[PDB]
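Q:
Protein chains: 2
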Amino acid sequence: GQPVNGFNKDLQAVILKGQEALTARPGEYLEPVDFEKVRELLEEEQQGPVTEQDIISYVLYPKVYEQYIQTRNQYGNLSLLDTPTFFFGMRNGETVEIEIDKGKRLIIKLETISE
Amino acid sequence: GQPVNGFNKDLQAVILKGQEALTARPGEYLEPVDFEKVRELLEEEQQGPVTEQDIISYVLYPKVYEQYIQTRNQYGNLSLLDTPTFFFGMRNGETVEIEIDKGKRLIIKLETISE
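Spelled out as structure tokens, the structure:
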């Protein structure tokens, strides 16, 4: 996005090596995203059902999003952990409770880790 | 018993004076043991199965016998272990076999020990 004073001719041309310095608003030259195709190529990666939320999130953050679907594929919904368990796990012989869903609270006690 | 050449009357005197010496074989002095009075003790104590073998064994080693009978209630026929296991127990990641009877051998792995 353009600034208040513009630029200095000699200053701008020397730094740019001579690439197209767009006069217009950066996000006007950028071409519309094929929303249905994202929705369509997001469905072969996952199981099937994909919400509008899933759709923009990806576009906005392509690889960052692909990665989140690796971790919910693995460990489920990690938000449900209390913060200390999320960061540090558990110390030996502790009892922790995790509510994975309304009325499904698992009581987890780690006894010892081995060799 | 009596030494080939008897005792020196002096030495004996300074050693044992307080009580007095035996002249005959020690067993003559003591009356018989009552093995029936014994059998009932051992009956009453371990609630049933008691033989002539236990009777002389109790009578010969009163404290040590009582004790072994303590270990056999606790640990069972230990003599059946292979001698390495007897003395050392096990190490983690070790797989050991114990014949408790002909055809009944137990396969026992120590995974780990906790803190």
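As given, the protein sequences belong to chains A and C, one line each in that order.
What the first sequence shows, in the deposited numbering, is residues 953 to 1067, in sequence order.
What the second sequence shows, in the deposited numbering, is residues 953 to 1067, in sequence order.
Note that beta-carbon positions come from the ideal geometry of N, C-alpha and C, so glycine has one too.
In the DSSP assignment, find the alpha helix (DSSP H) that holds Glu996 (chain C) and state where it starts and stops.
A: 987–997
Q: Are any of the Cβ atoms in chain C nearer than 9 Å to that of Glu1067 (chain A)?
A: yes
Q: State yes or no: is the beta carbon of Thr1064 (chain C) nearer than 9 Å to at least one beta carbon in chain A?
A: yes
Q: For the alpha helix (DSSP H) containing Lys961 (chain C), list its first residue and its last residue.
A: 961–968
Q: Quick one: using the 10 Å Cβ neighbour count with 16 as the cut-off for buried, is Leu994 (chain C) buried or exposed?
A: Buried.
Q: So, at 7 Å on beta carbons, what are the nonlocal neighbours of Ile1050 (chain A) in its own chain, with the 5 sequence-adjacent residues on each side left out?
A: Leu1032, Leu1033, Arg1057, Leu1058, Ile1060
Q: Going by CA-CA distance only, name the one from C:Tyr1020, C:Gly953, C:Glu1067 that's closest to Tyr981 (chain C).
A: C:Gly953
Q: Would you say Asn1029 (chain A) lies against chain C (beta-carbon separation less than 9 Å)?
A: False, the Cβ-Cβ gap to chain C never drops below 9 Å.
Q: If you compare alpha carbons, which of A:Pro1036, A:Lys1054, A:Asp1053, A:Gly1055 is closest to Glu1046 (chain A)?
A: Measuring from the Cα of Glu1046 (chain A), the nearest candidate turns out to be A:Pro1036.
Q: List, in order along the chain, the chain C residues whose C-beta lies closer than 9 Å to that of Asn1044 (chain A)?
A: Simply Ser1066, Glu1067.
Q: Can you tell me which of the three DSSP states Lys1054 (chain C) falls into?
A: coil
Q: Bridge partners of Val956 (chain C), per DSSP?
A: Partner(s): none; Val956 (chain C) has no beta bridge.
Q: Between the alpha carbons of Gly958 (chain C) and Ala973 (chain C), how many angstroms are there, rounded?
A: 12 Å
Q: What is the residue span of the alpha helix (DSSP H) that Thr1064 (chain A) lies within?
A: Here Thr1064 (chain A) belongs to no alpha helix (DSSP H), and DSSP marks it neither H nor E.
Q: Let's test the definition: count the other Cβ atoms within 10 Å of the Cβ of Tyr1013 (chain C) and tell me whether it reaches 16, buried, or not, exposed.
A: Per the 10 Å Cβ criterion, exposed.
Q: Taking the alpha helix (DSSP H) that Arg1024 (chain C) belongs to, which residues open and close that run?
A: 1014–1026
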